[PDB]
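Here's the structure we're looking at; comments come further down.
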Protein chains: 4
Amino acid sequence: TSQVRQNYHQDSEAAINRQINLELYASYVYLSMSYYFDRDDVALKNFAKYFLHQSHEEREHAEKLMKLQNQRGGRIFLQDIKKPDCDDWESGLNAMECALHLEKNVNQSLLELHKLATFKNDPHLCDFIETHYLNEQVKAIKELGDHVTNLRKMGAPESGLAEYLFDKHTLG
Amino acid sequence: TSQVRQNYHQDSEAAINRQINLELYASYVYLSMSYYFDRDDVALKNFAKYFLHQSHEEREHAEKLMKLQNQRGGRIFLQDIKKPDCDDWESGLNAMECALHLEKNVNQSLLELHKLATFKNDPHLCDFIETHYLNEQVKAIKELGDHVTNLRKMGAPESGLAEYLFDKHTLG
Amino acid sequence: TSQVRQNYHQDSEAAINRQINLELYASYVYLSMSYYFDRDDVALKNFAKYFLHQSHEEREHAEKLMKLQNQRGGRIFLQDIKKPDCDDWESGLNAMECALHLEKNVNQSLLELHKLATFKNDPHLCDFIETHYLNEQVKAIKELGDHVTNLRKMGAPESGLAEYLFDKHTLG
Amino acid sequence: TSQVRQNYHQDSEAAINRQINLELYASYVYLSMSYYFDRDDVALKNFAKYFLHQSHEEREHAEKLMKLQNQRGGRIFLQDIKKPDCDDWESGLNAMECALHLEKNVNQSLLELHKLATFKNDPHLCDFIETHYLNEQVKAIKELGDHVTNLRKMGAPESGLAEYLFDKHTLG
Ligand SMILES: [Fe+3]
Ligand SMILES: [Fe+3]
Ligand SMILES: [Fe+3]
Ligand SMILES: [Fe+3]
Ligand SMILES: [Fe+3]
Ligand SMILES: [Fe+3]
Ligand SMILES: [Fe+3]
Ligand SMILES: [Fe+3]
Ligand SMILES: [Fe+3]
């Protein structure tokens, strides 16, 4: 037992480890999506910067959970990081949509995790989730919903002009 | 009676009080429109900022009349600020059309306030309107006209691409 | 149903919309209170500047709730903004006492909007309330508590001298 | 007849010349009032600085009318500047009440000089009055109204303490 540990239940330790892997997973989805738009037959340079920025942000989230695990006396346990479901992401509107489906599963995971932290009476783990992850997911999800909408209204994906002008008037 | 009152007819005092409610009403409409474009199925961020600017200007027109009422020795008498007509504004073109209708209705009320003040041989009240309101209405009305014309000519509302480009390139 | 809505109960949607009305009503009371100390027969410049600031900060309180509704996928429905209880607030001490009542009123709504968010297991909404409204009302209520206490111990409202000196020294 | 005179009635010529006298008389009252608070047995430094400013701004009010007469082709005819009603204005509150009377007096003349310019269809003279004298008197009369109200609610003139504190805090 760790000398710094206090009020940190074993089940939150495991649920922090699991959230670490999901956050790494998401960073790797975003990496995958980013270099898809770097492709010379997709070629939406700001879609690329976007998802690459998100990718780095998501690994930033994973490192913040690993720091916390150590602050609370928990022990990190890492697992394989599954390859993304896709190798090709089809179009910009399509890519925005999987990102939105992705942040809503990261969100469901945090929400279930905050729920556990409430049952196990850990207010420090609860504020940690609240400050650094909860509004962040709410913002992310609102952002991606805005993008999907403008893309649909412009004419994407059957219009390449739509994804071209969006690629630069919104993500530039 | 007020120690400062002078050539300030009670009809004026009442019409100023009504004008204050009209400006507050307008401000409330513009607030409702502003946040209609904030929402995730609309996502026209500069329409939302345009109208939030108009909401704050109208609120500031109201407060100016309240200063004047107290300036001339009248007494402020606030009414309920009634709920705007629409909760959903359909589109950017349509929001712009309602805004035109509104500033033109505010102008007509503002013009009636002026006919009154002439009838009452109140010259200070006349110059107050001339300086701080009449040209404002003429300018506001002209601007929304321009905006209507351009939106129709770009193919709105049936073009989703028109409102989006109009958002980037006229309101940003 | 909205593409960003996740874990955002119908009940909470309605409660926010209501808190929006309330924050708008409070901005109006303060507006009404503000221009009463501008009267030539009351003449408290700093009391007036005080409530105009409070009024404007209550408007921002409402716009922030309007933003949140759209972030969470909820749907703004506005309401008549009913006129404030008074058109004549008697004295600076009476006016401050009304605000103390008014702010404890809004505290009430928020605490119940929070219990409701506890009931519906919405931690994001909860910390949103925790971070942006709760300590503000605790501060706002303590600020007015101090003001009311000072005016009483000075001789207000019988001493008009008390209110003149408060106006320059605590609000200048 | 003057080479620049155009649409400038004999009647208006005479009315301006009269308003010139009046503005000069008001500068003299204020002058007289000013050096009464300099007395070693009254001793209100800021009351004194107050009326000396008002006196000087009334002189500029007269010189501006002198300028206008020559712009319009009219012909200045000056008059005795009669001595002010008092040589002893009793107290700061009484002095402020006299100014409120005096400024409502000049408001009177201007409003009638304006009706006259309406009667003679002289829009230039009208807007000249609108722009440079009307809102100044509305401001001047509201300023003194506030001052009178504050001194009364403080205890003036019975409390010499009231007038000492007004002198530093509203006029310093
Ligand atoms: Fe992200
Ligand atoms: Fe994340
Ligand atoms: Fe307006
Ligand atoms: Fe406007
Ligand atoms: Fe407040
Ligand atoms: Fe509030
Ligand atoms: Fe003092
Ligand atoms: Fe003056
Ligand atoms: Fe003058």
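Here's how to read the names in the structure tokens: chain A, B, ... by the order shown, residue numbers from 1 in each chain, ligand numbers from 1 in the order shown.
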Surroundings of ligand 5 up to 9 Å, based on only C-alpha atoms and all ligand atoms, as a PDB file with N, CA and C atoms, in the first residue's frame:
ATOM      1  N   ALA C  26     -33.905  39.940 -12.937  1.00  0.00           N
ATOM      2  CA  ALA C  26     -33.025  40.604 -11.978  1.00  0.00           C
ATOM      3  C   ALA C  26     -32.258  41.743 -12.629  1.00  0.00           C
ATOM      4  N   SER C  27     -31.863  41.564 -13.889  1.00  0.00           N
ATOM      5  CA  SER C  27     -31.216  42.649 -14.598  1.00  0.00           C
ATOM      6  C   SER C  27     -32.150  43.830 -14.736  1.00  0.00           C
ATOM      7  N   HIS C  53     -24.094  48.656 -12.883  1.00  0.00           N
ATOM      8  CA  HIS C  53     -23.105  47.590 -12.982  1.00  0.00           C
ATOM      9  C   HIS C  53     -23.734  46.245 -12.640  1.00  0.00           C
ATOM     10  N   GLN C  54     -24.463  46.181 -11.524  1.00  0.00           N
ATOM     11  CA  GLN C  54     -25.116  44.932 -11.143  1.00  0.00           C
ATOM     12  C   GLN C  54     -26.079  44.481 -12.227  1.00  0.00           C
ATOM     13  N   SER C  55     -26.822  45.423 -12.807  1.00  0.00           N
ATOM     14  CA  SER C  55     -27.770  45.086 -13.863  1.00  0.00           C
ATOM     15  C   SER C  55     -27.066  44.447 -15.048  1.00  0.00           C
ATOM     16  N   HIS C  56     -25.983  45.081 -15.499  1.00  0.00           N
ATOM     17  CA  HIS C  56     -25.217  44.562 -16.615  1.00  0.00           C
ATOM     18  C   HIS C  56     -24.588  43.214 -16.272  1.00  0.00           C
ATOM     19  N   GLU C  57     -24.153  43.011 -15.019  1.00  0.00           N
ATOM     20  CA  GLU C  57     -23.552  41.708 -14.743  1.00  0.00           C
ATOM     21  C   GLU C  57     -24.624  40.629 -14.671  1.00  0.00           C
ATOM     22  N   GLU C  58     -25.868  41.004 -14.378  1.00  0.00           N
ATOM     23  CA  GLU C  58     -26.948  40.018 -14.377  1.00  0.00           C
ATOM     24  C   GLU C  58     -27.338  39.629 -15.801  1.00  0.00           C
ATOM     25  N   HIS C  61     -24.971  37.112 -16.787  1.00  0.00           N
ATOM     26  CA  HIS C  61     -25.382  35.867 -16.153  1.00  0.00           C
ATOM     27  C   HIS C  61     -26.432  35.143 -16.989  1.00  0.00           C
ATOM     28  N   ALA C  99     -32.413  44.351  -3.041  1.00  0.00           N
ATOM     29  CA  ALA C  99     -31.413  43.549  -3.745  1.00  0.00           C
ATOM     30  C   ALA C  99     -31.000  42.333  -2.930  1.00  0.00           C
ATOM     31  N   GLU C 103     -31.281  38.856  -4.466  1.00  0.00           N
ATOM     32  CA  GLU C 103     -30.178  37.947  -4.735  1.00  0.00           C
ATOM     33  C   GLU C 103     -30.332  36.639  -3.980  1.00  0.00           C
ATOM     34  N   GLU C 136     -20.608  33.448  -6.767  1.00  0.00           N
ATOM     35  CA  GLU C 136     -20.976  34.819  -7.113  1.00  0.00           C
ATOM     36  C   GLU C 136     -22.127  35.317  -6.254  1.00  0.00           C
ATOM     37  N   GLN C 137     -23.145  34.477  -6.040  1.00  0.00           N
ATOM     38  CA  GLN C 137     -24.251  34.882  -5.181  1.00  0.00           C
ATOM     39  C   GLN C 137     -23.802  34.976  -3.726  1.00  0.00           C
ATOM     40  N   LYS C 139     -20.886  35.816  -2.806  1.00  0.00           N
ATOM     41  CA  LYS C 139     -20.207  37.102  -2.752  1.00  0.00           C
ATOM     42  C   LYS C 139     -21.212  38.249  -2.837  1.00  0.00           C
ATOM     43  N   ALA C 140     -22.116  38.194  -3.827  1.00  0.00           N
ATOM     44  CA  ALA C 140     -23.132  39.232  -4.015  1.00  0.00           C
ATOM     45  C   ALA C 140     -23.984  39.439  -2.766  1.00  0.00           C
ATOM     46  N   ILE C 141     -24.388  38.351  -2.112  1.00  0.00           N
ATOM     47  CA  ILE C 141     -25.203  38.481  -0.911  1.00  0.00           C
ATOM     48  C   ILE C 141     -24.375  39.031   0.256  1.00  0.00           C
TER      49      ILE C 141
END
request  = Determine which residues of chain D DSSP labels as helix (DSSP H, G or I) from the backbone of this structure, then write them out as a ChimeraX atom specification.
outcome  = /D:10-36,45-72,92-119,123-154,160-169
Kindly save the residues from that selection, with C-alpha atoms included, as a compact mmCIF listing (two decimals), in the first residue's frame.
# COMPACT_ATOMS: atom_id res chain seq x y z
CA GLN D 10 -35.32 92.03 -38.06
CA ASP D 11 -37.24 90.40 -35.20
CA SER D 12 -34.64 87.65 -34.74
CA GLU D 13 -31.85 90.22 -34.90
CA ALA D 14 -33.42 92.03 -31.93
CA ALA D 15 -34.05 88.81 -29.98
CA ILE D 16 -30.44 87.63 -30.26
CA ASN D 17 -29.18 91.05 -29.08
CA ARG D 18 -31.44 90.59 -26.07
CA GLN D 19 -30.27 87.05 -25.36
CA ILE D 20 -26.74 88.52 -25.48
CA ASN D 21 -27.62 90.87 -22.61
CA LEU D 22 -29.21 88.00 -20.69
CA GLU D 23 -26.21 85.71 -21.03
CA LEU D 24 -24.00 88.61 -19.89
CA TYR D 25 -26.29 89.24 -16.89
CA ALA D 26 -26.09 85.56 -15.93
CA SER D 27 -22.31 85.68 -16.09
CA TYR D 28 -22.47 88.59 -13.66
CA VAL D 29 -24.82 86.92 -11.16
CA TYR D 30 -22.47 83.94 -11.14
CA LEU D 31 -19.51 86.28 -10.76
CA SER D 32 -21.27 87.95 -7.83
CA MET D 33 -22.22 84.58 -6.36
CA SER D 34 -18.68 83.30 -6.85
CA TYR D 35 -16.84 85.88 -4.76
CA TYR D 36 -19.42 85.60 -1.97
CA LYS D 45 -13.50 77.45 -1.72
CA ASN D 46 -15.19 74.90 -4.01
CA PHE D 47 -18.56 76.63 -4.16
CA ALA D 48 -16.53 79.66 -5.22
CA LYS D 49 -14.57 77.72 -7.88
CA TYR D 50 -17.89 76.30 -9.02
CA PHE D 51 -19.63 79.61 -9.77
CA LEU D 52 -16.51 81.15 -11.30
CA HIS D 53 -16.55 78.30 -13.84
CA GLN D 54 -20.27 78.78 -14.49
CA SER D 55 -19.70 82.52 -14.83
CA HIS D 56 -16.95 82.05 -17.39
CA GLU D 57 -18.99 79.52 -19.35
CA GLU D 58 -21.87 82.01 -19.48
CA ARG D 59 -19.51 84.65 -20.91
CA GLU D 60 -18.60 82.22 -23.71
CA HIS D 61 -22.32 81.66 -24.23
CA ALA D 62 -22.65 85.40 -24.88
CA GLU D 63 -19.62 85.67 -27.18
CA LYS D 64 -20.98 82.82 -29.29
CA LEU D 65 -24.21 84.79 -29.78
CA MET D 66 -22.16 87.84 -30.63
CA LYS D 67 -20.40 85.76 -33.31
CA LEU D 68 -23.72 84.49 -34.73
CA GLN D 69 -25.20 87.99 -35.09
CA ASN D 70 -22.25 88.94 -37.31
CA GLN D 71 -22.40 85.64 -39.25
CA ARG D 72 -26.03 86.25 -40.16
CA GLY D 92 -24.76 77.50 -0.38
CA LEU D 93 -28.23 75.99 -0.62
CA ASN D 94 -29.87 79.36 -1.24
CA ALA D 95 -27.22 80.22 -3.84
CA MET D 96 -27.81 76.97 -5.73
CA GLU D 97 -31.57 77.60 -5.67
CA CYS D 98 -31.04 81.03 -7.23
CA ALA D 99 -29.00 79.53 -10.08
CA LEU D 100 -31.70 76.93 -10.72
CA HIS D 101 -34.10 79.86 -11.02
CA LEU D 102 -31.61 81.81 -13.15
CA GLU D 103 -30.96 78.94 -15.53
CA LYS D 104 -34.65 78.17 -15.95
CA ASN D 105 -34.93 81.92 -16.72
CA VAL D 106 -32.42 81.65 -19.56
CA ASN D 107 -34.12 78.45 -20.71
CA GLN D 108 -37.37 80.41 -21.00
CA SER D 109 -35.69 83.11 -23.17
CA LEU D 110 -34.12 80.53 -25.47
CA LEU D 111 -37.30 78.48 -25.89
CA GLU D 112 -39.05 81.70 -26.87
CA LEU D 113 -36.18 82.82 -29.07
CA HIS D 114 -36.63 79.41 -30.72
CA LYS D 115 -40.39 79.64 -31.13
CA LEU D 116 -39.68 83.00 -32.72
CA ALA D 117 -37.19 81.36 -35.09
CA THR D 118 -39.86 78.75 -35.85
CA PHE D 119 -42.37 81.57 -36.51
CA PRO D 123 -33.91 76.69 -39.60
CA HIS D 124 -30.22 77.66 -39.32
CA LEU D 125 -30.92 79.82 -36.26
CA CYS D 126 -33.08 77.00 -34.93
CA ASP D 127 -30.44 74.30 -35.13
CA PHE D 128 -27.95 76.87 -33.83
CA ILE D 129 -30.16 77.09 -30.75
CA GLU D 130 -30.80 73.33 -30.69
CA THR D 131 -27.08 72.43 -30.86
CA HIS D 132 -25.44 75.00 -28.56
CA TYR D 133 -27.85 76.16 -25.87
CA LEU D 134 -30.80 73.84 -25.34
CA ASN D 135 -29.13 70.63 -24.14
CA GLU D 136 -26.68 72.78 -22.15
CA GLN D 137 -29.51 74.31 -20.13
CA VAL D 138 -31.18 70.91 -19.73
CA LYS D 139 -27.84 69.67 -18.43
CA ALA D 140 -27.23 72.84 -16.37
CA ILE D 141 -30.71 72.69 -14.84
CA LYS D 142 -30.40 68.98 -14.00
CA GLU D 143 -26.96 69.54 -12.46
CA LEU D 144 -28.24 72.26 -10.08
CA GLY D 145 -31.39 70.23 -9.38
CA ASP D 146 -29.17 67.41 -8.12
CA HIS D 147 -27.10 69.85 -6.02
CA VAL D 148 -30.17 71.45 -4.36
CA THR D 149 -31.63 68.00 -3.59
CA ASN D 150 -28.39 66.78 -2.01
CA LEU D 151 -27.96 69.82 0.23
CA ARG D 152 -31.56 69.63 1.49
CA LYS D 153 -31.36 65.91 2.32
CA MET D 154 -28.08 66.63 4.13
CA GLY D 160 -23.19 74.26 8.35
CA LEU D 161 -21.60 70.80 8.43
CA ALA D 162 -23.74 69.79 5.47
CA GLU D 163 -22.38 72.61 3.33
CA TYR D 164 -18.76 71.99 4.32
CA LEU D 165 -19.03 68.35 3.28
CA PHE D 166 -20.89 69.06 0.05
CA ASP D 167 -18.15 71.55 -0.80
CA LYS D 168 -15.38 68.99 -0.61
CA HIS D 169 -17.23 65.92 -1.89
query = Near chain B, which residues of chain C fall within 6 Å when you count only C-alpha atoms, and what do they look like as a PyMOL selection string?
reply = chain C and resi 39+70+79-83
With N, CA, C and O atoms kept, could you save the residues just selected as a JSON list (two decimals), in the first residue's frame?
[["chain", "number", "residue", "atom", "x", "y", "z"],
["C", 39, "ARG", "N", -32.66, 60.25, -10.43],
["C", 39, "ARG", "CA", -33.71, 61.25, -10.39],
["C", 39, "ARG", "C", -33.18, 62.53, -9.78],
["C", 39, "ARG", "O", -32.34, 62.50, -8.88],
["C", 70, "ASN", "N", -27.50, 25.85, -25.39],
["C", 70, "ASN", "CA", -27.10, 25.42, -26.73],
["C", 70, "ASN", "C", -25.92, 24.45, -26.69],
["C", 70, "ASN", "O", -25.85, 23.53, -27.52],
["C", 79, "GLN", "N", -39.24, 34.13, -22.15],
["C", 79, "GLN", "CA", -40.50, 34.48, -21.51],
["C", 79, "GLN", "C", -40.56, 35.98, -21.36],
["C", 79, "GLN", "O", -39.53, 36.66, -21.28],
["C", 80, "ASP", "N", -41.79, 36.51, -21.32],
["C", 80, "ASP", "CA", -42.03, 37.85, -20.82],
["C", 80, "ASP", "C", -41.08, 38.15, -19.67],
["C", 80, "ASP", "O", -40.88, 37.31, -18.79],
["C", 81, "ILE", "N", -40.48, 39.33, -19.68],
["C", 81, "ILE", "CA", -39.70, 39.79, -18.53],
["C", 81, "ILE", "C", -40.61, 40.73, -17.75],
["C", 81, "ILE", "O", -40.85, 41.87, -18.17],
["C", 82, "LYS", "N", -41.15, 40.23, -16.64],
["C", 82, "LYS", "CA", -42.13, 41.01, -15.89],
["C", 82, "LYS", "C", -41.47, 42.23, -15.28],
["C", 82, "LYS", "O", -40.28, 42.21, -14.93],
["C", 83, "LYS", "N", -42.25, 43.30, -15.14],
["C", 83, "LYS", "CA", -41.72, 44.55, -14.62],
["C", 83, "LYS", "C", -41.38, 44.41, -13.13],
["C", 83, "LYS", "O", -41.95, 43.59, -12.42]]
